[PDB]
Amino acid sequence: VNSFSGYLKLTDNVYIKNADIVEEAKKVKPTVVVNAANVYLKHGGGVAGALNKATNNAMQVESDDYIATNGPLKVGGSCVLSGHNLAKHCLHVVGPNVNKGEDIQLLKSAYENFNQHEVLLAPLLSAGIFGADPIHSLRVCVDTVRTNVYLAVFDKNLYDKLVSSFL
Ligand SMILES: COc1ccc2[nH]cc(CC(=O)O)c2c1
């Protein structure tokens with residue numbers, strides 16, 4: 001048994017809810033929250049800016065030190081950093097950004113990072129301002145992630161479309 005509440009069960013291991021991932025993280029304090037990161041860990045907007053804003057910019061300060069030491073992530077790659085006030089850990093995962101011309105086939109590689117963690121709170125990768133089709137992102141998630149994933153979908157309209165179209 002875990003602390004996640006009000007999720008619809010899609011498969012053996014994938015759950016979904018219409019929720020603000022920031023508000024969900026603050027309530028649950030999960031072991032792992034996933035950030036929709038870019039390779040520079042520049043948390044300007046979307047899930048990254050909202051998560052970063054909720055940490056009072058401490059996520060961005062930690063991230064800048066990580067990049068100064070290690071250099072940029074790979075598209076499809078990840079790193080584990082602090083979860084600050086939101087979670088034990090933040091798994092920063094880089095899905096391909098369609099609005100920058102990145103290979104959508106890298107979305108499966110991105111979701112494979114989640115299999116290194118038994119339970120995660122996550123957004124859909126490559127959707128929203130990343131320019132991928134969220135229906136596609138949910139299908140890749142279900143067909144790739146084998147660990148227990150709790151998906152938070154911000155847009156109520158999109159949530160309802162994802163549920164009603166799910167195969
Ligand atoms: C605006 O920044 C982002 C970044 C990644 C995202 N993944 C999915 C969504 C849409 C949603 O949850 O409604 C989204 C939005």
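These values consider heavy atoms only, across backbone and side chains, with no hydrogens, waters or symmetry-generated copies. In what follows, residues are counted from 1 in the order of the sequence shown.
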A.B. asks: Side-chain contact, heavy-atom cut-off 4.5 Å: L125 with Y111?
C.D. replies: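 Yes, their side chains come closer than 4.5 Å.
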
A.B. asks: Determine, step by step, whether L8 and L10 satisfy the side chain to side chain contact (heavy atoms under 4.5 Å, CB included) criterion, reporting the C-alpha distance in whole Å, the side-chain angles of both residues, the deciding distance to 0.1 Å, and the verdict.
C.D. replies: CA-CA 6 Å; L8 174 71; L10 292 176; 4.0 Å; yes

A.B. asks: Do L151 and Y15 make a side-chain contact, defined as non-hydrogen atoms from C-beta onward lying under 4.5 Å apart?
C.D. replies: no

A.B. asks: Quick check on the hydrophobic clustering: are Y40 and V98 connected, directly or via other members, by side-chain heavy-atom contacts under 4.5 Å?
C.D. replies: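 No, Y40 and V98 fall in different hydrophobic clusters.
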
A.B. asks: Work out which heavy atom in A48 is nearest to a heavy atom in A36; give both atom names and the distance.
C.D. replies: CB-O, 3.9 Å

A.B. asks: In this structure, are over 12 heavy atoms from other groups packed under 6.0 Å from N56 atom CG?
C.D. replies: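 No, not enclosed.
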
A.B. asks: Would you say the side-chain atoms of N35 pair up with the backbone N or O of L91, donor to acceptor, closer than 3.5 Å?
C.D. replies: no

A.B. asks: Checking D103 side chain against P96 main chain: does a donor-acceptor pair fall under 3.5 Å?
C.D. replies: no

A.B. asks: Check for a donor-acceptor pair, side chain of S78 on one end and backbone N or O of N113 on the other, with a separation under 3.5 Å.
C.D. replies: no

A.B. asks: Please confirm whether the backbone N or O of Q60 pairs with a side-chain atom of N57, one donor and one acceptor, at under 3.5 Å?
C.D. replies: no

A.B. asks: Do side-chain atoms of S126 reach the backbone of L107 as a donor and acceptor pair under 3.5 angstrom?
C.D. replies: no

A.B. asks: Could you tell me if the side chain of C141 sits less than 4.5 Å from the side chain of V149, heavy atoms only?
C.D. replies: yes

A.B. asks: Is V47 reachable from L73 through a run of I, L, V, M, F, W or Y residues, each pair having side-chain heavy atoms under 4.5 Å apart?
C.D. replies: no

A.B. asks: Measure the CE-CG distance between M59 and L81 for me, rounded to the nearest 0.5 Å.
C.D. replies: 8.5 Å

A.B. asks: So do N38 and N97 actually touch side chain to side chain, heavy atoms under 4.5 Å?
C.D. replies: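 The answer is no; the side chains never approach within 4.5 Å.
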
A.B. asks: Would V94 and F130 show up in the same hydrophobic cluster when neighbours are defined by side-chain heavy atoms closer than 4.5 Å?
C.D. replies: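 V94 does not cluster with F130.
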
A.B. asks: Please list all pairs passing the ring-ring contact (aromatic ring centres under 6.0 Å, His included) test where one or both residues lie in residues 64-100, with sequence neighbours left out.
C.D. replies: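 Qualifying pairs, neighbours excluded: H43-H92.
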
A.B. asks: Check whether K17 reaches the backbone of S5 with its side chain - one donor and one acceptor, N or O, closer than 3.5 Å.
C.D. replies: yes

A.B. asks: Measure the spacing between CG of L124 and CG of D155 and express it to the nearest 0.5 Å.
C.D. replies: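 Atom-to-atom, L124:CG and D155:CG are 11.5 Å apart.
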
A.B. asks: For the CG atom of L120 and the CZ atom of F114, what is their distance to the nearest 0.5 Å?
C.D. replies: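 It comes to 6.0 Å.
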
A.B. asks: Hey, mind stepping through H117 and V80 against side chain to side chain contact (heavy atoms under 4.5 Å, CB included) and telling me if it holds?
C.D. replies: CA-CA 11 Å; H117 305 276; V80 180; 4.0 Å; yes

A.B. asks: For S82 versus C90, what's the shortest heavy-atom pair and its separation?
C.D. replies: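 Looking at all heavy atoms of both residues, the closest pair is O-CB, 3.4 Å.
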
A.B. asks: Would a distance-only check, ignoring hydrogens and angles, find a side-chain to backbone donor-acceptor pair under 3.5 Å from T69 to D65?
C.D. replies: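 Checked: pair present.
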
A.B. asks: So do the side chains of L41 and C79 get within less than 4.5 Å of each other, counting heavy atoms only?
C.D. replies: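 Yes - at least one pair of side-chain heavy atoms lies under 4.5 Å apart.
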
A.B. asks: Looking at every heavy atom in both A54 and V22, which two are closest together, and how far apart are they?
C.D. replies: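 Heavy-atom minimum between the residues: CB-CG1, 3.6 Å.
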
A.B. asks: Please give me the minimum heavy-atom distance between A110 and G95, naming the atom from each residue.
C.D. replies: CB-CA, 4.0 Å

A.B. asks: Report whether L162 and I129 are members of the same hydrophobic cluster (ILVMFWY, side-chain heavy atoms less than 4.5 Å apart, transitive linking).
C.D. replies: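 In one cluster: no.
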
A.B. asks: What's the separation between atom NZ in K42 and atom CD1 in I67, rounded to the nearest 0.5 Å?
C.D. replies: 10.5 Å

A.B. asks: Can you name the closest pair of heavy atoms from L158 and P134 and give their distance?
C.D. replies: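 Closest approach of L158 to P134, heavy atoms only: CD1-CG, 3.5 Å.
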
A.B. asks: Does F154 offer a backbone N or O that forms a donor-acceptor pair with the side chain of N18 under 3.5 Å?
C.D. replies: yes

A.B. asks: To the nearest 0.5 Å, tell me how far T55 OG1 sits from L86 CG.
C.D. replies: 6.5 Å

A.B. asks: Take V119 and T31, measure what side chain to side chain contact (heavy atoms under 4.5 Å, CB included) needs, and give me the verdict at the end.
C.D. replies: CA-CA 7 Å; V119 183; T31 304; over 6 Å; no

A.B. asks: Determine the minimum heavy-atom distance between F4 and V28, stating which atoms define it.
C.D. replies: CE2-CG1, 3.8 Å

A.B. asks: Should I135 and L106 be regarded as members of a common hydrophobic cluster, given that ILVMFWY residues are connected when their side-chain heavy atoms come within less than 4.5 Å of each other, either directly or indirectly?
C.D. replies: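 No, it is not one cluster - the side chains of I135 and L106 are not joined through contacts under 4.5 Å.
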
A.B. asks: Take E24 and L121 through the side chain to side chain contact (heavy atoms under 4.5 Å, CB included) test and state the conclusion after the steps.
C.D. replies: CA-CA 8 Å; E24 192 72 7; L121 171 63; 3.9 Å; yes

A.B. asks: Side chain of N13, backbone of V145: donor and acceptor closer than 3.5 Å?
C.D. replies: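 Yes, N13 side chain to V145 backbone: donor-acceptor pair under 3.5 Å.
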
A.B. asks: If you measure from CD1 on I16 to CZ on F166, what distance do you get to the nearest 0.5 Å?
C.D. replies: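 One finds 8.5 Å between CD1 of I16 and CZ of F166.
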
A.B. asks: Please check if atom CG in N99 has more than 12 non-hydrogen atoms from other residues, nucleotides or ligands closer than 6.0 Å.
C.D. replies: yes

A.B. asks: Is the backbone N or O of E102 less than 3.5 Å from a side-chain atom of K100, with the two atoms forming a donor-acceptor pair by type?
C.D. replies: no

